[PDB]
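A single chain comes next, written as structure tokens; it is the form deposited in one PDB entry.
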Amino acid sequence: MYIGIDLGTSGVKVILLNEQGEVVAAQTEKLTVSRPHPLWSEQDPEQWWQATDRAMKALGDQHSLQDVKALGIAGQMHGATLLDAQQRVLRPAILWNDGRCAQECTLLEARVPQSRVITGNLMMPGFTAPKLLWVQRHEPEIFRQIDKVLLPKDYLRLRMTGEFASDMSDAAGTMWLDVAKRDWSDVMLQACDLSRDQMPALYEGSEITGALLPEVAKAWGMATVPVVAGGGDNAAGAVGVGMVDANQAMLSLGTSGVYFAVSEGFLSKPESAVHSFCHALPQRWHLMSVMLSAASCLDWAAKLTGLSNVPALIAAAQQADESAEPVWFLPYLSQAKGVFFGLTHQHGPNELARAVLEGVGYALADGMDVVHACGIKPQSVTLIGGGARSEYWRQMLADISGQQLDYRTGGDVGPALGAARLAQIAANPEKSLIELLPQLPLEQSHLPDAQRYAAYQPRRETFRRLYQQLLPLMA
């Protein structure tokens, strides 16, 4: 028996994994988000906890615990949690999707011209370091009282164990990590006027950080089980799925589009949207990129076409007629807008639906290509989330992208599964890592049709040209 916790943005999910890969029980609790001025996105750590606590007990009361040998954590990345010397919350956490600190990203990069090299990343307002420059510039009374900065999942760890600890995948997201070295950068820390004194200790995701406190273990109906370092949600997710070694990758077709690809050692393209982090396992790194959200776009397209749903939209796409010429659908994730180009008399809601599917696919494919151009070459890609559910569209995507696309079972549990697996790892020291990294069961595999792939390439050239030409119009 193992426990995985995921500290999400919309809420907390906790699971119970069996000695096998089976999830036995699951509980979920909602979080709210706060927005007290513009570009601000905040939560309070206490609510993180109260929800987590609440969840573990819902969990306890659904199935028996105390068979549990280990517990792992995951969470939303990049969140600044500031603690005073008593371990009291200095101010509400500043989240990944907070945008207050643009000017500070600038200064930070100016103070450390080698920052892109050290971190392997473009500085963003949602990353941790610049948030801290912001506090010191604006909330100095608060800045002066800082004893520690934790990432959100590591706040939970504190409450859970009394230790200050992170994993490499999360810490990588602070911009205080030397990603190549898997250790803090004194240069980056100083420039924010901080020291290692104020960082948590660094672990690999599979490593033990401590154990439940007696109190907490009592509250929860279980022993002082060991707690592992865990990961950031995307990495922990990938661990869950089995995407753990070089050139393995997964594409998320849900509400929150992401491509995640394990790299052959550390790589970077620091002047792009391609970010590079430690994985939540020893000796691994990954790339990742925000994408077109397929699920969002299909939802909208459904309404736009008047087909009132996605399954209906996909169904209709299948009915489109094959002698009609290509229409091009151009989606602009940027504020969720679009263009149909090349409409003729031969184009009904069917044709229109096909064009939506193809154009989302055109975009997804190009997004993947961008990652790959950084030095990743997948043998296949694993497909998760709501838009992965159609057999027709999986095949389209493979034909367009030229990737073998894998659909697996259980791809849908989220980072919590990864956190649980990490626990299971640490609890089986006798076995090698490589005997301990299950992939999810292969439910269907989609190889690209060579003719269809070839016919799509020129359409993709056309897509790119049109997207490019109209972009400044839709902006």
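Take the two forms, find the largest set of C-alpha atoms that superpose within 1.5 Å, and that set is the rigid core. One-based numbering along the sequence shown.
Same protein, other form: the form deposited in another entry, not shown, and the subject of what follows.
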> Which residue, chosen from 354, 284, 100, 148, moves its CA by 2 Å or more between the shown form and the other one under a rigid core superposition?
Replying inline: 354
>> Please determine whether the C-alpha atom of residue 379 is displaced by 2 Å or more between the shown form and the other one following superposition on the rigid core.
In response: no
>> After superposing the rigid core, is the C-alpha displacement of residue 309 2 Å or more between the shown form and the other one?
In response: yes
> Comparing between the shown form and the other one on the rigid core, is the C-alpha shift at residue 318 2 Å or larger?
Replying inline: yes
